[PDB]
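First to last, the sequence lines map onto chains C and A.
Read in order, the letters of the first sequence correspond to residues 813 to 828, 851 to 861 in the deposited numbering.
According to the deposited numbering, numbering within the second sequence proceeds without interruption in unit steps and concludes at 612.
By construction, the Cβ of each residue, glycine as well, lies at the ideal position given by its N, Cα and C atoms.
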Amino acid sequence: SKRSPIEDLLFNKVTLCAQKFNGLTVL
Amino acid sequence: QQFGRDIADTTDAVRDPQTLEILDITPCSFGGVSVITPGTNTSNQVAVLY
Ligand SMILES: *[C@@H]1O[C@H](CO)[C@@H](O[C@@H]2O[C@H](CO)[C@@H](O[C@@H]3O[C@H](CO)[C@@H](O)[C@H](O[C@H]4O[C@H](CO)[C@@H](O)[C@H](O)[C@@H]4O)[C@@H]3O)[C@H](O)[C@H]2NC(C)=O)[C@H](O)[C@H]1NC(C)=O
Ligand SMILES: *[C@@H]1O[C@H](CO)[C@@H](O)[C@H](O)[C@H]1NC(C)=O
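What follows is the structure in structure tokens.
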């Protein structure tokens, strides 16, 4: 990854399906 | 058990009543179609994005 240690730490804490159904799309 | 559900409470897995096998369910490829044009003044060619 081209991130920094602080960026890597940040991206590993935002972590908390819904593929597609009934015309629900995610761009 | 015989049915299959998820968090959205929508059926997504069915047990075979004959051979006792667990199938899967998925909608078949719905989407939106959009075109790409460089401006009708310059040319009259387009590209299609699905
Ligand atoms: C629903 O009703 C049907 C109607 O009979 C019933 O299907 C048949 O059941 C019998 C046993 O009850 C099966 O006989 C064996 O089944 C085993 C397990 O599926 C197979 O492995 C055997 O066939 C193997 O070996 C053959 C020779 O080497 C191979 O050619 C074959 O491909 C297999 O590898 C053996 O046939 C019979 O196969 C089924 N019939 C079908 C079409 O599947 C079924 O049991 C009933 N279901 C319930 C839940 O009662
Ligand atoms: C189309 O593009 C050309 C490029 O030189 C330009 O001269 C012309 O004015 C354009 N058409 C319109 C209607 O503006």
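Compare the C-beta of residue i with all C-beta atoms of chain C and state if any pair is closer than 8 Å.
{"i": "residue 655 of chain A", "result": "Since the first and last residues shown for chain A are 563 and 612, residue 655 of chain A lies out of range."}
{"i": "A/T581", "result": "no"}
So, helix, strand or coil for residue i, using DSSP?
{"i": "C/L821", "result": "helix"}
{"i": "C/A852", "result": "coil"}
{"i": "A/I598", "result": "strand"}
{"i": "A/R567", "result": "coil"}
{"i": "C/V860", "result": "coil"}
To the nearest angstrom, report how far apart residue i and residue j are at their CA atoms.
{"i": "A/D574", "j": "A/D568", "result": "7 Å"}
{"i": "C/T827", "j": "A/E583", "result": "34 Å"}
{"i": "C/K814", "j": "C/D820", "result": "9 Å"}
{"i": "A/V597", "j": "A/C590", "result": "22 Å"}
- request: Please name the residues in the segment 594–610 of chain A whose beta-carbon is closer than 9 Å to at least one beta-carbon of chain C, in chain order.
  value: Listed in sequence order: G594.
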